[PDB]
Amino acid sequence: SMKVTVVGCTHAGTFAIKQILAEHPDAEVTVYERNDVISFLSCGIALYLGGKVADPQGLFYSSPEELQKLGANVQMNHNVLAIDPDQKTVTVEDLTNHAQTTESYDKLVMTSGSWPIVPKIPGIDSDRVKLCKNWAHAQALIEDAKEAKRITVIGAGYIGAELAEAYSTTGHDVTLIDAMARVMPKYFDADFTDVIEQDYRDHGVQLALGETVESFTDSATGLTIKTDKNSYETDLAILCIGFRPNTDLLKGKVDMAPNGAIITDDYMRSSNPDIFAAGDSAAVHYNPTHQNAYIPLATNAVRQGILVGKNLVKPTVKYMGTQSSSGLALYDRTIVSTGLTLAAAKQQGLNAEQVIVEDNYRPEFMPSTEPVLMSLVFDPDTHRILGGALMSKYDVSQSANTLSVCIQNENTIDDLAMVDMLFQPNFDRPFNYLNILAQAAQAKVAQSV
C-alpha cells in the first residue's frame, strides 16, 4: 500500500492528513512534528494578551490523539533531519532520546511551514527579545506580560499591529517599530494607514516608523534598542518582521522562489512529482497578477492541505489561486482588504487607478449609522478589479469576501457597480456601499474620457 510521509503538522499537515485518510484510507500515513502539539491557532496570541481569551486550550482544534485515532502514525517531538528524493527516504530524529531512523516513502507532503525572520543583529540573543509564532512562544509571552510594563514591538505587519493594539489596551507602554514608513504597508494604502496610525497615537502607542534596529544592549534597567534614528528602553522586545519558508530540507531539490517558497502546479505538486507542498512552505498562486507570491495565511494552509489529499494519487481538484484576502480588528475598527493596493500595483509596474469613498453604510434616518472608508483598485482600461479595502466601526469584513469573489471571477468595476445586492435600511442604502464604491470608479474613468 501507499506510504505517505508528512513533514510538519500545525494546520496544513492537519488538513492534509485528515483528507488523505478520508479519501485513501488504506494509505500508511506517518507524520513528524518537532512540537508536542498540533493545530495551535496563532491568531489567539494577541487575543489572549488583550484579555479576550478565557481558556487558551480552546485555541487548538485537533490533537495528535485525534489524528492517531483516525489511522495516522503520529510522531510528535520528532525532527526531520534529511529528505532524499532520489532514494525516497527521510531521516528523522526522536527529540526525547536523540535516536535517528531512516524511513521510505511513496509520497511526501511538505507542510513544514515558516519561521520568523531573525536578522543577524548584535544582542539578538537577549532573553528580552522574544518570538511570537507558536504555542511555546505564546506561553512565554503570557508569563512575561505581567512583569513587562514597557514593550517594543519590532515590525508593524499584521502580527505587530495586533500585538501593539493588544498591549496598549491592557495598560502597557508600547513602542511600534517598522522599517517602512507606514504601518501594515503591504495590506492597505495610505488613506487607511493614516487613520490607523492616528488611532495608535490616540491610544498612547509610540510610533517609530522608518527605523531599523541596529543593536540590542542589556542594561541595569532593561533592554536598550538602538535604531538608525533613535534609542528605546524596554522590558520586552517582540520580533515580528515576517516569515521565512522553512524549506531548507529541500533546498536545491525542488523549484523554489527566491525566498525558498516551494513552487507548485495547480495540484500542489512540487517540481518533484512525489513531493507535495501546502501552507507556509509553499508559494501561492496570486490571481490579481497571475504570479507566484509568498503571502502566508492560515487560509492557504487549510485549502492547500485539502488539495494535497485530493490530488495525492492523481490530479483531481485544481487550486483556485488566492486574492490574499485578509483583515483584522483594531480599536473597534474593522479593516479588511483583498487583492492589490494601489501602492503595490504601481510598485510592480501595473496599469492601475484607485477611488477612495467614504459613506455611511446605511441611511442616516436609522437610529444609528457608521462611516465606511472604502478603496477600489482597478485597471483603468480593461476596468478589471485588482483589489479593494474597507474600514468601519460597523463590521464590514464580509464585504472583503464579496470583493474576493469578484476578483476570482475577473469581474470589472462595471459588474460591481450594478450587480444585484439586497436593500434593507437595517443593512444598507438602496445601492449597497460596494455598488456605490464601484460607481465612483466608473465616474473616475468617465471623467478621464
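Note that residue numbering follows the sequence shown and begins at 1.
Stretches 17-25 and 432-440 differ in mean C-alpha B factor, with the higher average recorded for 17-25. The PDB entry records a higher mean C-alpha B factor for 54-62 than for its counterpart among 54-62 and 32-40. When the Cα B-factors of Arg244, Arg269, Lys146, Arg362 are read from the PDB record, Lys146 comes out highest. If you compare the C-alpha temperature factors of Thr111, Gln348, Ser326, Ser368 in the entry, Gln348 comes out highest. The PDB entry assigns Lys229 a C-alpha temperature factor belonging to the highest third of its chain's modelled residues. Among the modelled residues of the chain, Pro185 sits in the middle third by CA temperature factor in this PDB entry. Split the chain's modelled residues into thirds by C-alpha temperature factor. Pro122 is in the highest one. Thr334: CA B factor in the lowest third of modelled residues in this chain (values from the PDB entry). Sorting the modelled residues of the chain by their CA temperature factor places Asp395 in the lowest third.
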